[PDB]
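Student: Handing you a structure now.
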Amino acid sequence: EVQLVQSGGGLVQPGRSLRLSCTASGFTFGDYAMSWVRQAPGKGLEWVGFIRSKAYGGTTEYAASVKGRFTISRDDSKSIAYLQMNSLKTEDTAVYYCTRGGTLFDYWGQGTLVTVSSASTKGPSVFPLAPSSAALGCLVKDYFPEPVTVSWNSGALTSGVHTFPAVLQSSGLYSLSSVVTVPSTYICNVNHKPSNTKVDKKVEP
Amino acid sequence: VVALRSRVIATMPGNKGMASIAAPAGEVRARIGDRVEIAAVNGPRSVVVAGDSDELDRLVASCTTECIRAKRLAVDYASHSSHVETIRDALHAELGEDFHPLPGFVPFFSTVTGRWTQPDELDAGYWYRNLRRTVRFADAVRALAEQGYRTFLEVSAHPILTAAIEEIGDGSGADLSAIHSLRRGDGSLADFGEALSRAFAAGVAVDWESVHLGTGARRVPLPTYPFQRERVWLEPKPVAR
Amino acid sequence: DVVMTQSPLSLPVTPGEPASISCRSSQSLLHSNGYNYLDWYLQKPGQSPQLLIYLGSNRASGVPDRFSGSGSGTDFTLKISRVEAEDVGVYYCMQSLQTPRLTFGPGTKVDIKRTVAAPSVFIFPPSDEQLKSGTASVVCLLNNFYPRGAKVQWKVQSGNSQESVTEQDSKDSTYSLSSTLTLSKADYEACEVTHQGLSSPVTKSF
């Protein structure tokens, strides 16, 4: 089949050099013009660039946002497309895709999560949400990076559990606020995997 | 949990030890005395004992005058007793600091309770319950049989408990299977394959599509099922005129 | 200039019912060859974008027959003959006349359709240990609401609120909002919504 499998995501500080590789197996790599479409977390897709086919010249067209910063290449005998991401800034935290068409995006690959944050690996600051008088929840403010997983009654309660998608502060940290809704005295265990800091939270009004 | 538990517990030796006998619970629970108690009934004819020294050594000797499997546990230590309960920090909570209780999933089986419990109590409290209370393992094996469980695979390097799982069924009407674990002296894949065989034999569902993936084998024509044929013919009924 | 393409950005779909996303382009996408240069892409929630339709009406192979394509030079349409549970996501109307295209468009936010719900506004004052910690986070969790078009204010004003929303769940098919007012030491010394699950402003404070 055509499979554009990608590789090369990770965590860097603004101003680094990161490589994005697009392994194309299933089609003649030299006929298509691979392109790289960026999708910042939770917004619409923005097209980064694309290299023309070697037979179409190989001229690489980039965006206005990343001209002079990113450069895109391709190789047939090794059959890989490259997004060379230089001088990254905070905007490059995103899921970069590799489609097989300049004007006709096709396979799209899988989704390489690249993150450019200035933060360091710290566990959660688990802050509970006391009920007004109702629902019971708990914050996970100031953790980095995502993964994160929050259960209630340690994975016993699954009905009513809403693990709000995480949120980025200006400081580069993450904040999940997981909340259950049930009338009552409940526990929330957050496990920040990169640092392995499992904190537990007992909540009352 | 196990590393820190064993680490600290390495100091109590010299005061108390452990033993494992397959005597019926009646006589030993009658003759126990001088800081001696049953750590774990593992069957109607099997009881692990946790008692002090110089009486627990003569408890397997109160089992050599009766001539039973005599094993003075060389891993002897303090558990299910008070000599380990005093440590309400290292042997009670330091072993297990992080824990993620699981939900229903596939029913597990806790013993200190004697019944199936959700795996939500599995933490340093449970290791506190393996050092404070008994194990009542036999009660949980009866509950396994009640919830439809009969083939028992001994995760070890020698059968000591499946041996005792067969005294579960030496007096129980639900005679249960207890696949013989790698023998004392067995430590190779030839003996593991011999176990996988008797596991299939006893009734253990083996995913044979996992044993044969690294082998790179092929399937070759084998004889089909030998149907043992009766003589079933219903003849048109009647006799002419 | 550039082709500006818009769509019914918040189109609801109910399973088993034909639906219709539309696209409207400022310029004419019918190039001289008689072939429209509009493409229809699908990004299923948290997956790689898919190519549903190329050249306005032609359907890409491997794409369910349900997605049908049509349109003139300005107005266009995608007619899903049968919306099931995989037909939900973001439908991007993406031109081809003027490459380059810095954006794929806002995209049609498709949702499994039910009736209107009742936003469960739950003002949760920050735990005081947090004030002991150096920050303040009063959280106005709205829960179980659909559609997701709720303003959420912070008065007594707003401007320090940051947004957290999950995609549509399965058995209730609603949305949930975590509007966090991260905050500082002193200025701790009210939230409401204008979701069409109600009409009047419902203001409850810490």
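Each reported figure results from applying straightforward, stated rules to the coordinates on display, with no laboratory input. Here the Cβ positions follow ideal geometry from the backbone for every residue, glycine too, while neighbour counts run over all protein chains shown.
Student: Return the Rg/Rh value of segment A:127-203, two decimal places, where both radii are evaluated on C-alpha atoms and Rh is the Kirkwood radius.
Tutor: Result: Rg/Rh = 0.96.
Student: Percent of Cα-Cα pairs per 5 Å bin, from 0 to the last occupied bin, for chain A, please list those.
Tutor: Computed distribution, short to long bins: 1, 7, 14, 15, 13, 11, 10, 9, 8, 6, 4, 2, 1, 0.
Student: Other chains near A:90-103: what is the mean number of their Cβ atoms within 10 Å of each residue's Cβ?
Tutor: 2
Student: Two-decimal Rg/Rh of segment B:1-202 from alpha-carbon positions, Kirkwood Rh?
Tutor: That ratio equals 0.97.
Student: Evaluate the relative contact order of segment A:1-127 (contact order divided by residue number), counting alpha-carbon pairs under 8 angstrom at least 6 apart; express in whole percent.
Tutor: Here the relative contact order equals 34 percent.
Student: Using a Gaussian network model of chain B with C-alpha springs under 10 Å, which one of B:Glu209, B:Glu85, B:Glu27 is most mobile by mean-square fluctuation?
Tutor: Greatest mean-square fluctuation among the candidates belongs to B:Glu209.
Student: Here is a follow-up. If the cut-off is 21 Å between C-alpha atoms, which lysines fall inside it for B:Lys16, apart from same-chain ones fewer than 8 positions away?
Tutor: Of all the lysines, those that pass the test against B:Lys16 - Cα under 21 Å, at least 8 places apart if same chain - are B:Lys71.
Student: Additional query: Along its three principal axes, how long is chain C when you only count alpha carbons? Whole Å, largest extent first please.
Tutor: Cα spread of chain C along its principal axes, largest to smallest: 68, 40, 31 Å.
Student: Moving to a separate point now. Restricting attention to segment B:90-130, which GluC sites (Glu not before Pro) occupy a DSSP loop and are surrounded by at most 11 other Cβ atoms within 10 Å?
Tutor: B:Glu97
Student: Something else: In cubic angstrom, how much convex hull volume per residue do the alpha carbon atoms of segment A:3-116 span?
Tutor: Per residue, the Cα convex hull of segment A:3-116 comes to 92 Å³.
Student: Let me ask something additional. What net charge do the residues around A:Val190 carry, taking every other residue with its C-beta under 11 Å from that of A:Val190, with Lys and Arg at +1 and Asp and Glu at -1?
Tutor: That sum, taken over residues with Cβ under 11 Å, equals +3.
Student: How large, in Å, is segment B:186-241 by the Kirkwood hydrodynamic radius built from its alpha-carbon pairs?
Tutor: 16.4 Å
Student: Can you put C:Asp187, B:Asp76 in order of Cβ neighbours within 10 angstrom, beginning with the fewest?
Tutor: C:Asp187, B:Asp76
Student: Divide by every residue of chain C the summed helix terms, -39500 (n - 2.57) for each DSSP H run of at least 4, and state the resulting mean residue ellipticity at 222 nm, rounded to the nearest 500 deg cm²/dmol.
Tutor: Calculated from helices alone, the mean residue ellipticity at 222 nm is -500 deg cm²/dmol.
Student: How would you order A:24-30, A:123-129 from highest to lowest mean count of nearby Cβ atoms within 10 Å?
Tutor: The packing order, highest mean first, is A:123-129, A:24-30.
Student: Let me check I've understood the local charge: for C:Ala190, count other residues with C-beta under 11 angstrom from its C-beta, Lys and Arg +1, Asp and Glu -1. What total comes out?
Tutor: It works out to a net charge of +1.
Student: Among all the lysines, which ones have a C-alpha under 18 Å from C:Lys171's C-alpha, if same-chain residues fewer than 8 places away are not counted?
Tutor: C:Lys113
Student: Also: Mean shadow of segment C:1-113, computed from the convex hull of its alpha carbons, in nm²?
Tutor: 6.7 nm²
Student: I've got another one for you. Could you tell me the relative contact order of segment C:1-113? Use alpha-carbon pairs under 8 Å, at least six residues apart, and round to a whole percent.
Tutor: Normalised by residue count, the contact order of segment C:1-113 is 37 percent.
Student: Other chains' Cβ within 10 Å of A:160-172 residues: what's the mean?
Tutor: The mean count of partner-chain Cβ atoms within 10 Å per residue comes to 4.
Student: Taking the simple approach of a point 7 Å from Cα along Cα-to-Cβ for both B:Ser188 and A:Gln110, what is their distance in nm?
Tutor: Once both label points are built, they end up 4.1 nm from each other.
Student: Take the alpha-carbon centre of segment B:61-92, take the same for segment B:169-241, and report the distance between them in whole Å.
Tutor: After rounding, the separation between the Cα centres reads 40 Å.
Student: Quick check: the distance between the Cα centres of segment A:37-77 and segment C:93-144, to the nearest angstrom?
Tutor: With segment A:37-77 and segment C:93-144 each reduced to a Cα centre, they are spaced 30 Å.
Student: Send over the Kirkwood Rh of segment B:1-99, from the inverse of the averaged 1/r over different Cα pairs, rounded to one decimal Å.
Tutor: 14.1 Å
Student: If each residue's Cβ is checked for other Cβ atoms within 10 Å, how do A:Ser21, A:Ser154 rank with the fewest at the top?
Tutor: Ranking A:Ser21, A:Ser154 by Cβ neighbours within 10 Å, fewest first, gives A:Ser21, A:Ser154.
Student: Under a cut-off of 16 Å between alpha-carbon atoms, report the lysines in cross-link reach of A:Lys43, not counting same-chain residues fewer than 8 places apart.
Tutor: Hits, sequence-local ones excluded: C:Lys44, C:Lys109.
Student: I would also like to ask the following. Can you give the mean number of other chain Cβ atoms that lie within 10 Å of the Cβ atoms in peptide A:125-132?
Tutor: Mean number of neighbouring Cβ atoms from other chains: 6.
Student: Apply the Debye scattering formula to segment C:114-206, with a single equal point scatterer on each alpha-carbon and no solvent, then give log10 I(q)/I(0) at q = 0.11, 0.16, 0.20, 0.23 Å⁻¹.
Tutor: So the normalised log intensities work out to -0.33, -0.64, -0.92, -1.12.
Student: Another question, if that's okay. If a/c stays under 1.5 just call it rounded; otherwise compare a/b with b/c (prolate if a/b is bigger, oblate if not). Do that for segment A:61-105, with a ≥ b ≥ c from the square roots of the Cα gyration tensor eigenvalues.
Tutor: It comes out prolate by the Cα gyration axes.
Student: Further question on the same structure: Cα extents of segment C:76-123 along the three principal axes, largest first, in whole Å?
Tutor: Computed over the Cα atoms, the extents are 47, 33, 17 Å.
Student: Highest first, please rank the peptides C:174-183, C:1-10, C:19-28, C:140-149 by the mean number of other Cβ atoms sitting within 10 Å of their residues.
Tutor: Going from most to least packed, we get C:174-183, C:140-149, C:19-28, C:1-10.
Student: Continuing with the same structure: Can you give the Rg/Rh ratio of the protein assembly as shown, where Rg is from the C-alpha atoms and Rh is the Kirkwood radius?
Tutor: In the protein assembly as shown, Rg relative to Rh is 1.09.
Student: Per the helix-only calculation at 222 nm, which mean residue ellipticity applies to chain B, given -39500 (n - 2.57) for every DSSP H run of n ≥ 4 and division by its residues, nearest 500 deg cm²/dmol?
Tutor: The helix contribution divided over chain B gives -6000 deg cm²/dmol.
Student: Moving to a separate point now. What does the charge count near B:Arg136 come to, summing +1 for each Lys or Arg and -1 for each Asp or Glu among other residues with Cβ under 11 Å from its Cβ?
Tutor: With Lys, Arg at +1 and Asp, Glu at -1, the net is +3.
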